[PDB]
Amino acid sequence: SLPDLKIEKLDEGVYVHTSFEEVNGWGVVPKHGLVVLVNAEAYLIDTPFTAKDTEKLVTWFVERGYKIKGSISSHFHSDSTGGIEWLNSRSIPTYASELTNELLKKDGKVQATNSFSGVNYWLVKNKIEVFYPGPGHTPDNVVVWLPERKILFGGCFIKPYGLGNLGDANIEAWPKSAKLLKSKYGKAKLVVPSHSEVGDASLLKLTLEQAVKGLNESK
């Protein structure tokens, strides 16, 4: 029996959702996601692994009087995009980078309805920003920045302890992308990784260090 979906407040207008799956060859993997509230509207940062969890997550917010305005997926893997098919079926707007959509189509998965290309994208002006630091954990990975709180959702890019599965990784690119991310978001109050506990800006440094080590052990 896996743990039930968890929803907890991280900051004003910000909640973290945690979902769990048994992953072949990796054991039980926890996935952190965010829900960001603007007025009476709610935005999903990453979907839980499954439609069932995504439906539960949406319901929890709908019950509390919020309209689900949009969803954004950090990268193509199912821990970020699992709910897209369901969200699309409910006509709830879904967002991903053009690269992520290309990779999804490739993986035989349902694509986000809306896509953006380019480094910066403001899902909500002045409140939610998507940033692409370049290839790392995957070619398409992006981070989400909340300026009003200085909270960065690292997603699966942030890897303090180990890089994890390198199957889709760009090992050569990653240290450079990490350096770029650290320079841009060193100011961050909080960093929320996908697969590990919430932390301060130091997670950016650790990720860069891990990325360099991985490339080296790699040579």
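Counting begins at 1, following the sequence as shown. In this text, rigid core is short for the largest set of C-alphas that superpose within 1.5 Å between two forms.
Engineer: Fitting on the core, do the C-alphas of 25-33 or of 165-173 deviate more in 8 other deposited structures of this protein?
Structural biologist: Comparing 165-173 with 25-33, the one that moves more in 8 other deposited structures of this protein is 25-33.
Engineer: With the rigid core as the fit anchor, does 16-24 or 194-202 show bigger C-alpha shifts in 8 other deposited structures of this protein?
Structural biologist: When 16-24 and 194-202 are compared in 8 other deposited structures of this protein, 16-24 lies farther out.
Engineer: Return whichever of 198-206 and 8-16 has the greater mean Cα B factor according to the PDB record.
Structural biologist: For C-alpha atoms only, the mean B-factor is higher in 198-206.
Engineer: If you average the CA temperature factors as listed in the entry, which stretch comes out higher, 174-182 or 65-73?
Structural biologist: 174-182 has the higher mean C-alpha B-factor.
Engineer: Please pick out which of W86, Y132, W145, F116 has the largest Cα B-factor as recorded in the entry.
Structural biologist: The C-alpha B-factor peaks, among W86, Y132, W145, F116, at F116.
Engineer: Highest Cα B-factor in the PDB entry belongs to which of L34, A42, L166, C156?
Structural biologist: Of the options given, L166 has the highest CA B-factor in the PDB entry.
Engineer: Taking the C-alpha B-factors as the PDB entry records them, is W122 in the lowest, middle or highest third of its chain?
Structural biologist: Middle third.
Engineer: Can you tell me whether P30 has a C-alpha B-factor in the lowest, middle or highest third compared with the other modelled residues of the same chain?
Structural biologist: As the PDB entry reports it, the C-alpha B-factor of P30 lands in the middle third of its chain.
Engineer: Among all modelled residues of this chain, ranked by Cα B factor, put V38 in the bottom, middle or top third, i.e. lowest, middle or highest.
Structural biologist: Its C-alpha B-factor belongs to the highest third of this chain's values.
Engineer: If you rank the chain by CA B-factor, which third does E98 end up in: lowest, middle or highest?
Structural biologist: Middle third - that is where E98 ends up once the chain's C-alpha B-factors are sorted.
Engineer: Which third of the chain does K106 land in by C-alpha B-factor: lowest, middle or highest?
Structural biologist: As the PDB entry reports it, the C-alpha B-factor of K106 lands in the highest third of its chain.
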